[PDB]
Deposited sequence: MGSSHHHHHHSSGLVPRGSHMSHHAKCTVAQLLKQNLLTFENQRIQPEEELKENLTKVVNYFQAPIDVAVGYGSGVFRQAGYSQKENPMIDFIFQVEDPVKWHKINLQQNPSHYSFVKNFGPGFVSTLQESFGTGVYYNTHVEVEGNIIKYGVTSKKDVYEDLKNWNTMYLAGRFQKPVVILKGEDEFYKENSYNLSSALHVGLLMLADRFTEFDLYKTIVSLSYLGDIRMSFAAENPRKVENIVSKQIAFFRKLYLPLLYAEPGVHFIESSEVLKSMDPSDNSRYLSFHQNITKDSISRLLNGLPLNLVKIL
């Protein structure tokens, strides 16, 4: 594969999001997601365990959390930290909100950490950016183990919106490195608040530099299709560049008018 092939990716089938891991590592993560009996609608993998002893982080989007946590309690009560009372407690309030994390849980010889959240509040964030605490996590390279094509359709507008905010911040001439570092800076605090990011946070430069091939697969097709954003490098260097190359970063030019900025600004989910 080459960087030029990344530009002609089918955006209507969401080919830019179809990031699959190593064939050995793939079904190893399917082994741990098919282990759970409770119905998982969308399974997400991310972190140092997926994008390579390390712990593999997961996100489980569920039809509804109270019933999912019920069945998982019957299957794996050792994952939780329960309370035994002396009286004849809390039933729904503990599981009905936010994302519930279970850390350092062994499943198939893998130390896993999975957060369970409502699929509805993820989709609402992916299209409205109510808090962007969830959407910001998916503006970065992730692996979808289950429910892929349904999730790609909902995240496409989120990815597009992320690039638009980047174009709003960067000037006339910018490099792809400045763009990825900017997109990462948007969700940095939110990923710390949601316990998404590495348990000890990494540097912005290191996040992008080590995942440059997947940041390109995500956003380079959106840059090629975005009207008014021109590639400066010729097609000869794009056909000869490996996506994981950090020796050269592509530079861009964008048309910056009063109408272009207002078009970018008004096409995002967070304006009244």
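Residues of the deposited sequence lacking C-alpha coordinates, counted from 1, fall in the stretches 1-26, 79-86, 123-125, 310-313.
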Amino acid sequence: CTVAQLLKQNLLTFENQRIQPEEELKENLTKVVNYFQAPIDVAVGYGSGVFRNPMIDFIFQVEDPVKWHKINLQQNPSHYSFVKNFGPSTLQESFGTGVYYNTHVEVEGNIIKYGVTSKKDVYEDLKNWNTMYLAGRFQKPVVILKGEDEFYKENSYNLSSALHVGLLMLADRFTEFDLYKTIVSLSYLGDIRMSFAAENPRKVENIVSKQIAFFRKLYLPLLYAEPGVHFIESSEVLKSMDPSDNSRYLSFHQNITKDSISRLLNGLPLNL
From here on, numbers count along this sequence of modelled residues.
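Judged by mean Cα B factor in the deposited record, 91-99 ranks above the other of 158-166 and 91-99.
In this entry, 35-43 has the higher mean Cα B-factor, the comparison being between 216-224 and 35-43.
Per the deposited coordinates, the residue with the largest Cα temperature factor out of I256, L264, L11, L25 is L25. The PDB entry assigns its highest CA temperature factor, among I144, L134, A197, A171, to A197. In the PDB entry, a CA B factor belonging to the middle third of its chain's modelled residues is recorded for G115. Among all modelled residues in this chain, the alpha-carbon of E106 has a temperature factor (C-alpha) in the highest third.
In the PDB entry, a CA B factor belonging to the highest third of its chain's modelled residues is recorded for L270. Ranked by C-alpha B-factor against the other modelled residues of its chain, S187 falls in the lowest third.
Among all modelled residues in this chain, the alpha-carbon of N53 has a temperature factor (C-alpha) in the highest third.
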